[PDB]
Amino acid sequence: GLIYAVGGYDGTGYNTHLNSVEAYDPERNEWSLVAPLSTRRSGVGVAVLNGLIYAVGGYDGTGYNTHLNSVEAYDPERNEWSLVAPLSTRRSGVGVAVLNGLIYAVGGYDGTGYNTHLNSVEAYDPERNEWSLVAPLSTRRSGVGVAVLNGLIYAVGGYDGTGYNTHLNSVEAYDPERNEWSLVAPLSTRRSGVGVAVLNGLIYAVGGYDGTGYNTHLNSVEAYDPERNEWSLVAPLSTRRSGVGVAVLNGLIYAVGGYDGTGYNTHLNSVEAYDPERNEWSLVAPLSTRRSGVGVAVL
């Protein structure tokens, strides 16, 4: 029952992309560092499946200077990472979610091979160690938030630096039974690097960067109600954060790290918890290391 913060980018302290990993214990309000990844990765997608944490893709701007297709799995019982089958396509800022026993890697940016933001989508089957491409998004999206609700995968916001050259407020839902994406109600604000989590039947979109309309890193937060196809703005964060990791644990939404390129001009180690019963954010123990583009999962 811990929050894991996987990789990221420290553009303030060490000026480096991170392979380090920390785990948060909410009962004691303590972060602690565990086994690091084999590869430094910012913009890394993180999902939990079969008791393992998967770190999918990312960007290594320190060691290899490349966008990554490699994938690693973390076993908390032995404190070991291990590399598994890589994606068909390199992807940073990739969204990851788990549905029906498969890991979906949604969109991202390939700044190494194809030099393009991606609408493609791949599913990983752990029983066979195989990735396979499925129906692509309607719109290319990097820095895209992804969450699963009511048997559907939602792709929230992102940045299309290839087709429309715009940060996106649009939202798509994937139906695995028919291999179809469909566009639904868009956000009030365009957001790339947006954190997405599901709590109490609602999708929360946390922070992000609006480089198109407001030209600002965001502290605002929106909740999506699928029964009515409506987004609504709720209590904002204490700090603006793009590339923020978001996870749900014990009824609270945790917003982990990120980048404030508007107010403080710094990468963040701070962490906030959202209480939906009171519509309140509150700051808790910060990470040992500042990190934006950080992957967050709960296990």
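All residue numbers refer to positions in the sequence shown, first residue = 1.
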| query | Looking at the entry, does 185 to 193 or 210 to 218 show the higher mean C-alpha B-factor? | reply | 210 to 218
| Which of the two stretches, 13 to 21 or 281 to 289, shows the higher mean Cα temperature factor in the record? | 13 to 21
| Which is it among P236, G57, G257, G261: the one with the largest CA B-factor in the entry? | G261
| remark: The largest CA temperature factor among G161, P136, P86, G157 is found at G161
| query | With respect to C-alpha B-factor, does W81 fall in the lowest, middle or highest third of the chain as deposited? | reply | lowest
| message | Among the modelled residues of this chain, does the Cα B factor of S270 put it in the lowest, middle or highest third? | response | lowest
| If you rank every modelled residue in this chain by C-alpha B factor, which third holds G63: lowest, middle or highest? | highest
| message | Is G7 in the lowest, middle or highest third of its chain when residues are ranked by C-alpha B-factor? | response | lowest
| task | Taking the chain's C-alpha temperature factors as the reference, tell me which third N129 falls into: lowest, middle or highest. | result | lowest
